[PDB]
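Text of the file entry14.txt, holding compact mmCIF, N, CA and C atoms:
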# COMPACT_ATOMS: atom_id res chain seq x y z
N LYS A 1 -4.31 33.09 -20.24
CA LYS A 1 -3.85 33.19 -18.85
C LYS A 1 -3.14 31.92 -18.40
N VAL A 2 -2.22 32.07 -17.45
CA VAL A 2 -1.54 30.90 -16.92
C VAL A 2 -2.44 30.20 -15.92
N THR A 3 -2.76 28.94 -16.20
CA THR A 3 -3.50 28.15 -15.22
C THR A 3 -2.65 26.98 -14.73
N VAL A 4 -2.53 26.93 -13.41
CA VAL A 4 -1.82 25.87 -12.72
C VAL A 4 -2.88 24.92 -12.17
N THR A 5 -2.76 23.63 -12.48
CA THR A 5 -3.77 22.66 -12.03
C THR A 5 -3.17 21.47 -11.28
N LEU A 6 -3.77 21.12 -10.13
CA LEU A 6 -3.42 19.87 -9.43
C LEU A 6 -4.29 18.72 -9.97
N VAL A 7 -3.66 17.84 -10.74
CA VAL A 7 -4.37 16.75 -11.42
C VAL A 7 -4.21 15.40 -10.70
N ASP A 8 -5.32 14.69 -10.50
CA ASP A 8 -5.32 13.35 -9.90
C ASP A 8 -4.44 12.39 -10.71
N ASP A 9 -3.41 11.84 -10.09
CA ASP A 9 -2.44 11.00 -10.81
C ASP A 9 -3.00 9.64 -11.21
N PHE A 10 -4.12 9.26 -10.61
CA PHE A 10 -4.65 7.91 -10.81
C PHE A 10 -5.63 7.82 -12.00
N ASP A 11 -6.66 8.66 -12.00
CA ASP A 11 -7.61 8.67 -13.11
C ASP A 11 -7.43 9.90 -14.01
N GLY A 12 -6.38 10.68 -13.75
CA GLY A 12 -6.06 11.82 -14.59
C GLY A 12 -7.10 12.93 -14.70
N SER A 13 -8.21 12.83 -13.98
CA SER A 13 -9.30 13.78 -14.24
C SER A 13 -9.76 14.55 -13.01
N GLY A 14 -9.45 15.86 -12.99
CA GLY A 14 -10.06 16.78 -12.05
C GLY A 14 -9.14 17.52 -11.10
N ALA A 15 -9.76 18.27 -10.19
CA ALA A 15 -9.04 18.96 -9.13
C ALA A 15 -8.78 17.93 -8.05
N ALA A 16 -7.52 17.49 -7.93
CA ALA A 16 -7.12 16.60 -6.84
C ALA A 16 -7.31 17.34 -5.52
N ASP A 17 -7.70 16.61 -4.47
CA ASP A 17 -7.99 17.20 -3.17
C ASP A 17 -6.89 17.03 -2.12
N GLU A 18 -6.06 16.00 -2.27
CA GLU A 18 -5.02 15.72 -1.26
C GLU A 18 -3.86 14.94 -1.84
N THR A 19 -2.72 15.00 -1.17
CA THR A 19 -1.59 14.17 -1.54
C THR A 19 -1.45 13.08 -0.47
N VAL A 20 -1.36 11.83 -0.91
CA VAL A 20 -1.23 10.71 0.02
C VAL A 20 0.17 10.12 -0.06
N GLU A 21 0.74 9.81 1.11
CA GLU A 21 2.04 9.14 1.16
C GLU A 21 1.85 7.65 1.46
N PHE A 22 2.62 6.81 0.78
CA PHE A 22 2.51 5.37 0.97
C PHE A 22 3.80 4.70 0.54
N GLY A 23 3.91 3.40 0.77
CA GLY A 23 5.18 2.73 0.55
C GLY A 23 5.08 1.26 0.27
N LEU A 24 6.08 0.71 -0.41
CA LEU A 24 6.18 -0.72 -0.67
C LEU A 24 7.63 -1.10 -0.88
N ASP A 25 8.05 -2.18 -0.22
CA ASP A 25 9.39 -2.74 -0.40
C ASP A 25 10.49 -1.73 -0.11
N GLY A 26 10.23 -0.85 0.86
CA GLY A 26 11.21 0.13 1.30
C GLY A 26 11.21 1.40 0.46
N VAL A 27 10.37 1.44 -0.57
CA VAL A 27 10.26 2.65 -1.38
C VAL A 27 9.06 3.48 -0.95
N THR A 28 9.27 4.78 -0.79
CA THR A 28 8.20 5.69 -0.42
C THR A 28 7.68 6.43 -1.65
N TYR A 29 6.36 6.58 -1.73
CA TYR A 29 5.71 7.26 -2.84
C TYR A 29 4.78 8.35 -2.34
N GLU A 30 4.52 9.33 -3.21
CA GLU A 30 3.49 10.33 -3.00
C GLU A 30 2.57 10.32 -4.22
N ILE A 31 1.31 10.68 -4.03
CA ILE A 31 0.36 10.67 -5.13
C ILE A 31 -0.76 11.68 -4.89
N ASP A 32 -1.13 12.43 -5.93
CA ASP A 32 -2.19 13.43 -5.81
C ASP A 32 -3.49 12.82 -6.25
N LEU A 33 -4.54 13.00 -5.44
CA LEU A 33 -5.78 12.28 -5.68
C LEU A 33 -7.01 13.10 -5.32
N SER A 34 -8.12 12.80 -5.98
CA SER A 34 -9.42 13.29 -5.53
C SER A 34 -9.75 12.67 -4.19
N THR A 35 -10.66 13.30 -3.45
CA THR A 35 -11.10 12.75 -2.17
C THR A 35 -11.58 11.29 -2.34
N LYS A 36 -12.37 11.06 -3.38
CA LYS A 36 -12.87 9.74 -3.76
C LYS A 36 -11.74 8.72 -3.94
N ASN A 37 -10.71 9.11 -4.69
CA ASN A 37 -9.60 8.20 -4.96
C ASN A 37 -8.70 7.93 -3.75
N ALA A 38 -8.46 8.94 -2.91
CA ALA A 38 -7.66 8.72 -1.70
C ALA A 38 -8.40 7.76 -0.74
N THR A 39 -9.72 7.85 -0.72
CA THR A 39 -10.52 6.90 0.06
C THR A 39 -10.38 5.50 -0.53
N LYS A 40 -10.29 5.43 -1.85
CA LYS A 40 -10.09 4.16 -2.53
C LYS A 40 -8.72 3.56 -2.20
N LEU A 41 -7.67 4.37 -2.19
CA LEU A 41 -6.35 3.84 -1.89
C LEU A 41 -6.26 3.38 -0.44
N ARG A 42 -6.82 4.16 0.46
CA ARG A 42 -6.74 3.78 1.87
C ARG A 42 -7.58 2.53 2.10
N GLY A 43 -8.64 2.39 1.31
CA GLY A 43 -9.50 1.22 1.37
C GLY A 43 -8.78 -0.05 0.94
N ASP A 44 -7.90 0.07 -0.04
CA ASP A 44 -7.16 -1.07 -0.57
C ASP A 44 -6.09 -1.52 0.42
N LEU A 45 -5.64 -0.61 1.26
CA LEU A 45 -4.56 -0.93 2.18
C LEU A 45 -5.09 -1.37 3.54
N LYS A 46 -6.38 -1.14 3.76
CA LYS A 46 -7.01 -1.38 5.05
C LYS A 46 -6.72 -2.78 5.61
N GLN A 47 -6.94 -3.80 4.79
CA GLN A 47 -6.83 -5.17 5.29
C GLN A 47 -5.37 -5.55 5.57
N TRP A 48 -4.44 -4.98 4.82
CA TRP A 48 -3.04 -5.33 5.00
C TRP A 48 -2.46 -4.63 6.23
N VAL A 49 -2.91 -3.39 6.46
CA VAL A 49 -2.53 -2.67 7.66
C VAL A 49 -3.06 -3.36 8.93
N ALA A 50 -4.32 -3.78 8.91
CA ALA A 50 -4.89 -4.54 10.02
C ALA A 50 -4.09 -5.82 10.35
N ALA A 51 -3.78 -6.63 9.34
CA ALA A 51 -3.07 -7.89 9.56
C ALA A 51 -1.59 -7.67 9.84
N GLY A 52 -1.10 -6.49 9.49
CA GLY A 52 0.33 -6.21 9.59
C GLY A 52 0.64 -5.58 10.93
N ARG A 53 1.91 -5.28 11.15
CA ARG A 53 2.29 -4.63 12.39
C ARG A 53 3.26 -3.47 12.14
N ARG A 54 3.04 -2.39 12.88
CA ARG A 54 3.87 -1.20 12.73
C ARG A 54 5.32 -1.47 13.10
N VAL A 55 6.25 -0.97 12.30
CA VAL A 55 7.66 -1.02 12.66
C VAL A 55 8.20 0.37 13.00
N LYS B 1 7.84 -31.83 21.95
CA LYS B 1 8.81 -31.05 21.19
C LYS B 1 8.32 -29.62 21.01
N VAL B 2 9.26 -28.70 20.80
CA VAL B 2 8.88 -27.32 20.51
C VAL B 2 9.03 -27.02 19.02
N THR B 3 8.01 -26.41 18.43
CA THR B 3 8.14 -25.98 17.05
C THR B 3 8.08 -24.46 16.95
N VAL B 4 8.93 -23.90 16.09
CA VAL B 4 8.96 -22.45 15.86
C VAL B 4 8.73 -22.18 14.38
N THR B 5 7.63 -21.53 14.04
CA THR B 5 7.30 -21.31 12.63
C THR B 5 6.82 -19.89 12.26
N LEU B 6 7.16 -19.45 11.06
CA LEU B 6 6.64 -18.18 10.54
C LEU B 6 5.26 -18.44 9.93
N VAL B 7 4.23 -17.84 10.54
CA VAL B 7 2.85 -18.04 10.10
C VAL B 7 2.33 -16.81 9.34
N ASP B 8 1.66 -17.06 8.22
CA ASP B 8 1.01 -16.02 7.40
C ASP B 8 0.06 -15.17 8.24
N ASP B 9 0.35 -13.87 8.33
CA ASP B 9 -0.44 -12.96 9.15
C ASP B 9 -1.85 -12.69 8.62
N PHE B 10 -2.02 -12.83 7.31
CA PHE B 10 -3.25 -12.39 6.65
C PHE B 10 -4.42 -13.37 6.85
N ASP B 11 -4.18 -14.66 6.68
CA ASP B 11 -5.25 -15.63 6.92
C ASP B 11 -4.95 -16.53 8.12
N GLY B 12 -3.69 -16.54 8.54
CA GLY B 12 -3.32 -17.17 9.80
C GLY B 12 -3.22 -18.68 9.79
N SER B 13 -3.30 -19.28 8.61
CA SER B 13 -3.26 -20.73 8.53
C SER B 13 -2.34 -21.21 7.41
N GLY B 14 -1.10 -20.78 7.48
CA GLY B 14 -0.14 -21.22 6.49
C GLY B 14 1.23 -20.75 6.87
N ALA B 15 2.24 -21.48 6.40
CA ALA B 15 3.62 -21.06 6.54
C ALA B 15 3.83 -19.79 5.70
N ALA B 16 4.42 -18.77 6.31
CA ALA B 16 4.79 -17.57 5.58
C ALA B 16 6.09 -17.85 4.85
N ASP B 17 6.19 -17.39 3.62
CA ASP B 17 7.39 -17.58 2.84
C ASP B 17 8.26 -16.35 2.84
N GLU B 18 7.65 -15.20 3.13
CA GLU B 18 8.38 -13.95 3.01
C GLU B 18 7.78 -12.89 3.92
N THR B 19 8.58 -11.86 4.18
CA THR B 19 8.12 -10.72 4.96
C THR B 19 8.11 -9.52 4.03
N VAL B 20 7.00 -8.80 4.01
CA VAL B 20 6.85 -7.68 3.09
C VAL B 20 6.80 -6.37 3.88
N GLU B 21 7.58 -5.39 3.45
CA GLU B 21 7.50 -4.09 4.08
C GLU B 21 6.63 -3.17 3.23
N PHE B 22 5.72 -2.46 3.89
CA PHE B 22 4.94 -1.44 3.21
C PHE B 22 4.63 -0.28 4.17
N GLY B 23 4.05 0.78 3.61
CA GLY B 23 3.78 1.98 4.37
C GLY B 23 2.53 2.71 3.93
N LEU B 24 1.88 3.37 4.88
CA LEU B 24 0.75 4.26 4.60
C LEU B 24 0.72 5.43 5.59
N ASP B 25 0.52 6.64 5.06
CA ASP B 25 0.35 7.86 5.86
C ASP B 25 1.47 8.15 6.85
N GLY B 26 2.70 7.83 6.47
CA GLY B 26 3.84 8.11 7.32
C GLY B 26 4.23 6.92 8.18
N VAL B 27 3.29 5.99 8.38
CA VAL B 27 3.54 4.80 9.18
C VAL B 27 4.07 3.63 8.35
N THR B 28 5.12 2.97 8.85
CA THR B 28 5.68 1.83 8.14
C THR B 28 5.28 0.49 8.79
N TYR B 29 4.97 -0.50 7.96
CA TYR B 29 4.44 -1.78 8.41
C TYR B 29 5.25 -2.96 7.89
N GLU B 30 5.23 -4.06 8.64
CA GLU B 30 5.78 -5.33 8.19
C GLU B 30 4.69 -6.38 8.29
N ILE B 31 4.73 -7.36 7.39
CA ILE B 31 3.76 -8.46 7.43
C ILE B 31 4.41 -9.71 6.86
N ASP B 32 4.13 -10.87 7.47
CA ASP B 32 4.67 -12.15 7.02
C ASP B 32 3.60 -12.85 6.20
N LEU B 33 3.97 -13.37 5.04
CA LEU B 33 2.95 -13.86 4.11
C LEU B 33 3.42 -15.06 3.31
N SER B 34 2.47 -15.89 2.88
CA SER B 34 2.76 -16.91 1.87
C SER B 34 3.13 -16.20 0.58
N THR B 35 3.84 -16.90 -0.32
CA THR B 35 4.17 -16.33 -1.62
C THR B 35 2.93 -15.80 -2.36
N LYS B 36 1.83 -16.54 -2.24
CA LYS B 36 0.55 -16.17 -2.86
C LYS B 36 0.00 -14.85 -2.31
N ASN B 37 -0.10 -14.75 -1.00
CA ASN B 37 -0.63 -13.53 -0.39
C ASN B 37 0.27 -12.33 -0.58
N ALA B 38 1.57 -12.58 -0.72
CA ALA B 38 2.51 -11.50 -0.97
C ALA B 38 2.24 -10.96 -2.38
N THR B 39 1.88 -11.87 -3.28
CA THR B 39 1.49 -11.51 -4.65
C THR B 39 0.20 -10.69 -4.67
N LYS B 40 -0.77 -11.07 -3.84
CA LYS B 40 -2.01 -10.31 -3.72
C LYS B 40 -1.77 -8.91 -3.17
N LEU B 41 -0.90 -8.80 -2.17
CA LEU B 41 -0.58 -7.51 -1.58
C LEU B 41 0.06 -6.60 -2.64
N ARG B 42 1.11 -7.10 -3.28
CA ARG B 42 1.80 -6.32 -4.29
C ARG B 42 0.86 -5.99 -5.45
N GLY B 43 -0.08 -6.89 -5.73
CA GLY B 43 -1.07 -6.69 -6.77
C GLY B 43 -2.05 -5.58 -6.43
N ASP B 44 -2.35 -5.42 -5.15
CA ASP B 44 -3.30 -4.40 -4.73
C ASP B 44 -2.72 -2.99 -4.83
N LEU B 45 -1.40 -2.91 -4.76
CA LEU B 45 -0.71 -1.62 -4.75
C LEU B 45 -0.17 -1.25 -6.12
N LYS B 46 -0.18 -2.21 -7.04
CA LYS B 46 0.44 -2.06 -8.36
C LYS B 46 -0.05 -0.81 -9.11
N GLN B 47 -1.36 -0.67 -9.27
CA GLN B 47 -1.89 0.51 -9.97
C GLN B 47 -1.51 1.82 -9.25
N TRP B 48 -1.40 1.77 -7.92
CA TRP B 48 -1.07 2.98 -7.15
C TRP B 48 0.42 3.33 -7.24
N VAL B 49 1.28 2.32 -7.14
CA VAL B 49 2.70 2.54 -7.37
C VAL B 49 2.91 3.13 -8.77
N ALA B 50 2.20 2.58 -9.75
CA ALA B 50 2.36 3.01 -11.14
C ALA B 50 2.00 4.48 -11.35
N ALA B 51 0.98 4.95 -10.63
CA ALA B 51 0.50 6.31 -10.81
C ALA B 51 1.20 7.28 -9.87
N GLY B 52 1.85 6.74 -8.84
CA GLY B 52 2.51 7.57 -7.86
C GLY B 52 3.93 7.94 -8.25
N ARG B 53 4.53 8.84 -7.47
CA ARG B 53 5.89 9.31 -7.72
C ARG B 53 6.78 8.93 -6.54
N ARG B 54 7.90 8.28 -6.82
CA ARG B 54 8.87 7.96 -5.77
C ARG B 54 9.48 9.23 -5.15
N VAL B 55 9.51 9.27 -3.82
CA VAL B 55 10.21 10.31 -3.07
C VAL B 55 11.18 9.67 -2.06
N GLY B 56 11.85 10.50 -1.25
CA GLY B 56 12.75 9.99 -0.23
C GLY B 56 12.06 9.70 1.10
Mind turning this structure into structure tokens?
Amino acid sequence: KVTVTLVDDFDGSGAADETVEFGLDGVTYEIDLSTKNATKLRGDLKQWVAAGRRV
Amino acid sequence: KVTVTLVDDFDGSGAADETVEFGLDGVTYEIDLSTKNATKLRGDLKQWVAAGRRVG
């Protein structure tokens, strides 16, 4: 049978739960992640977003 | 005398050497940083940029 799977781009393992959008140096990215991993990515950006300012 | 200086936003006690643009969840951000802290920022996103896909 044909199986279509949404795979977590970061640890390569499982049913990814969400796609997160993010950016650096004017480049925009998208990434498919488990709930756990998207929490991890937002966690890594937390301190820079706080110190930074919205444009 | 008056002094005008770019101060590192992250720790607040240093001359910023550069301004870095980044984004999360549709929102775009700017931050002024020392060369060192700019390296830390880019370092924190490195694994995520690597696994992610560039879009418009």
So the first atom is atom C of residue 21 of chain A and the second is atom N of residue 9 of chain B; what is the distance between them in Å, to one decimal place?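 Atom N of residue 9 of chain B lies 22.6 Å from atom C of residue 21 of chain A.
Every residue of chain B that lies within 5 Å of chain A is listed here, counting only N, CA and C atoms: residues 21, 22, 23, 24, 25, 28, 29, 30, 31, 51, 52, 53, 54 and 55 of chain B.
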Store the residues of this selection in a file with N, CA and C atoms, as a PDB file, keeping the file's coordinate frame.
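Saved as result-v4.pdb:
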ATOM      1  N   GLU B  21       7.580  -5.390   3.450  1.00  0.00           N
ATOM      2  CA  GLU B  21       7.500  -4.090   4.080  1.00  0.00           C
ATOM      3  C   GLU B  21       6.630  -3.170   3.230  1.00  0.00           C
ATOM      4  N   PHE B  22       5.720  -2.460   3.890  1.00  0.00           N
ATOM      5  CA  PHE B  22       4.940  -1.440   3.210  1.00  0.00           C
ATOM      6  C   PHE B  22       4.630  -0.280   4.170  1.00  0.00           C
ATOM      7  N   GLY B  23       4.050   0.780   3.610  1.00  0.00           N
ATOM      8  CA  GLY B  23       3.780   1.980   4.370  1.00  0.00           C
ATOM      9  C   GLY B  23       2.530   2.710   3.930  1.00  0.00           C
ATOM     10  N   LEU B  24       1.880   3.370   4.880  1.00  0.00           N
ATOM     11  CA  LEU B  24       0.750   4.260   4.600  1.00  0.00           C
ATOM     12  C   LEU B  24       0.720   5.430   5.590  1.00  0.00           C
ATOM     13  N   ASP B  25       0.520   6.640   5.060  1.00  0.00           N
ATOM     14  CA  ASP B  25       0.350   7.860   5.860  1.00  0.00           C
ATOM     15  C   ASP B  25       1.470   8.150   6.850  1.00  0.00           C
ATOM     16  N   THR B  28       5.120   2.970   8.850  1.00  0.00           N
ATOM     17  CA  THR B  28       5.680   1.830   8.140  1.00  0.00           C
ATOM     18  C   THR B  28       5.280   0.490   8.790  1.00  0.00           C
ATOM     19  N   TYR B  29       4.970  -0.500   7.960  1.00  0.00           N
ATOM     20  CA  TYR B  29       4.440  -1.780   8.410  1.00  0.00           C
ATOM     21  C   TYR B  29       5.250  -2.960   7.890  1.00  0.00           C
ATOM     22  N   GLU B  30       5.230  -4.060   8.640  1.00  0.00           N
ATOM     23  CA  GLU B  30       5.780  -5.330   8.190  1.00  0.00           C
ATOM     24  C   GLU B  30       4.690  -6.380   8.290  1.00  0.00           C
ATOM     25  N   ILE B  31       4.730  -7.360   7.390  1.00  0.00           N
ATOM     26  CA  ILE B  31       3.760  -8.460   7.430  1.00  0.00           C
ATOM     27  C   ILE B  31       4.410  -9.710   6.860  1.00  0.00           C
ATOM     28  N   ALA B  51       0.980   4.950 -10.630  1.00  0.00           N
ATOM     29  CA  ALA B  51       0.500   6.310 -10.810  1.00  0.00           C
ATOM     30  C   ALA B  51       1.200   7.280  -9.870  1.00  0.00           C
ATOM     31  N   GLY B  52       1.850   6.740  -8.840  1.00  0.00           N
ATOM     32  CA  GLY B  52       2.510   7.570  -7.860  1.00  0.00           C
ATOM     33  C   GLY B  52       3.930   7.940  -8.250  1.00  0.00           C
ATOM     34  N   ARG B  53       4.530   8.840  -7.470  1.00  0.00           N
ATOM     35  CA  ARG B  53       5.890   9.310  -7.720  1.00  0.00           C
ATOM     36  C   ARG B  53       6.780   8.930  -6.540  1.00  0.00           C
ATOM     37  N   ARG B  54       7.900   8.280  -6.820  1.00  0.00           N
ATOM     38  CA  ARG B  54       8.870   7.960  -5.770  1.00  0.00           C
ATOM     39  C   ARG B  54       9.480   9.230  -5.150  1.00  0.00           C
ATOM     40  N   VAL B  55       9.510   9.270  -3.820  1.00  0.00           N
ATOM     41  CA  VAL B  55      10.210  10.310  -3.070  1.00  0.00           C
ATOM     42  C   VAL B  55      11.180   9.670  -2.060  1.00  0.00           C
TER      43      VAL B  55
END
Counting only N, CA and C atoms, which residues sit no farther than 6 Å from the position (-8.6, 15.8, -9.1) in the file's frame? I'd like them as a CSV table (one decimal) with N, CA and C atoms, in the frame of the given file.
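Okay, point-v6.csv is ready:
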chain,number,residue,atom,x,y,z
A,6,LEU,N,-3.8,21.1,-10.1
A,6,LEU,CA,-3.4,19.9,-9.4
A,6,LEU,C,-4.3,18.7,-10.0
A,7,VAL,N,-3.7,17.8,-10.7
A,7,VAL,CA,-4.4,16.8,-11.4
A,7,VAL,C,-4.2,15.4,-10.7
A,8,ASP,N,-5.3,14.7,-10.5
A,8,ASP,CA,-5.3,13.4,-9.9
A,8,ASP,C,-4.4,12.4,-10.7
A,13,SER,N,-8.2,12.8,-14.0
A,13,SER,CA,-9.3,13.8,-14.2
A,13,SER,C,-9.8,14.6,-13.0
A,14,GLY,N,-9.4,15.9,-13.0
A,14,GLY,CA,-10.1,16.8,-12.0
A,14,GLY,C,-9.1,17.5,-11.1
A,15,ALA,N,-9.8,18.3,-10.2
A,15,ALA,CA,-9.0,19.0,-9.1
A,15,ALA,C,-8.8,17.9,-8.0
A,16,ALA,N,-7.5,17.5,-7.9
A,16,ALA,CA,-7.1,16.6,-6.8
A,16,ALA,C,-7.3,17.3,-5.5
A,17,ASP,N,-7.7,16.6,-4.5
A,17,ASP,CA,-8.0,17.2,-3.2
A,17,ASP,C,-6.9,17.0,-2.1
A,33,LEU,N,-4.5,13.0,-5.4
A,33,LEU,CA,-5.8,12.3,-5.7
A,33,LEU,C,-7.0,13.1,-5.3
A,34,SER,N,-8.1,12.8,-6.0
A,34,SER,CA,-9.4,13.3,-5.5
A,34,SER,C,-9.8,12.7,-4.2
Can you list, as number ranges by chain, every protein, DNA or RNA residue that comes within 8 Å of residue 15 of chain B when you count all atoms listed in the file, leaving out same-chain residues fewer than 3 positions away? B: 5-9, 12, 18, 32-35
What is the atom C of residue 38 of chain A-atom N of residue 26 of chain B distance in Å, reported with one decimal? 13.2 Å
Apply DSSP to the structure's backbone, then extract all residues of chain A labelled strand (DSSP E or B) and return them as number ranges by chain. A: 7, 15, 18-24, 27-33, 53-54
Residues of chain B in helix (DSSP H, G or I) according to DSSP, as a PyMOL selection string? chain B and resi 35-51
Using only N, CA and C atoms, please write the residues we just selected to a file, as a tab-separated table (two decimals), in the frame of the given file.
chain	number	residue	atom	x	y	z
B	35	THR	N	3.84	-16.90	-0.32
B	35	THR	CA	4.17	-16.33	-1.62
B	35	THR	C	2.93	-15.80	-2.36
B	36	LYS	N	1.83	-16.54	-2.24
B	36	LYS	CA	0.55	-16.17	-2.86
B	36	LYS	C	0.00	-14.85	-2.31
B	37	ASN	N	-0.10	-14.75	-1.00
B	37	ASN	CA	-0.63	-13.53	-0.39
B	37	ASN	C	0.27	-12.33	-0.58
B	38	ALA	N	1.57	-12.58	-0.72
B	38	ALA	CA	2.51	-11.50	-0.97
B	38	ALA	C	2.24	-10.96	-2.38
B	39	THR	N	1.88	-11.87	-3.28
B	39	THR	CA	1.49	-11.51	-4.65
B	39	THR	C	0.20	-10.69	-4.67
B	40	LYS	N	-0.77	-11.07	-3.84
B	40	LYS	CA	-2.01	-10.31	-3.72
B	40	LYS	C	-1.77	-8.91	-3.17
B	41	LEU	N	-0.90	-8.80	-2.17
B	41	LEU	CA	-0.58	-7.51	-1.58
B	41	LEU	C	0.06	-6.60	-2.64
B	42	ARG	N	1.11	-7.10	-3.28
B	42	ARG	CA	1.80	-6.32	-4.29
B	42	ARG	C	0.86	-5.99	-5.45
B	43	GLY	N	-0.08	-6.89	-5.73
B	43	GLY	CA	-1.07	-6.69	-6.77
B	43	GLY	C	-2.05	-5.58	-6.43
B	44	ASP	N	-2.35	-5.42	-5.15
B	44	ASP	CA	-3.30	-4.40	-4.73
B	44	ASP	C	-2.72	-2.99	-4.83
B	45	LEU	N	-1.40	-2.91	-4.76
B	45	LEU	CA	-0.71	-1.62	-4.75
B	45	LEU	C	-0.17	-1.25	-6.12
B	46	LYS	N	-0.18	-2.21	-7.04
B	46	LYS	CA	0.44	-2.06	-8.36
B	46	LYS	C	-0.05	-0.81	-9.11
B	47	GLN	N	-1.36	-0.67	-9.27
B	47	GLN	CA	-1.89	0.51	-9.97
B	47	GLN	C	-1.51	1.82	-9.25
B	48	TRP	N	-1.40	1.77	-7.92
B	48	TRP	CA	-1.07	2.98	-7.15
B	48	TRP	C	0.42	3.33	-7.24
B	49	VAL	N	1.28	2.32	-7.14
B	49	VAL	CA	2.70	2.54	-7.37
B	49	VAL	C	2.91	3.13	-8.77
B	50	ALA	N	2.20	2.58	-9.75
B	50	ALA	CA	2.36	3.01	-11.14
B	50	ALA	C	2.00	4.48	-11.35
B	51	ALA	N	0.98	4.95	-10.63
B	51	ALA	CA	0.50	6.31	-10.81
B	51	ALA	C	1.20	7.28	-9.87
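Here atom N of residue 46 of chain B stands at a distance of 26.5 Å from atom N of residue 5 of chain A.
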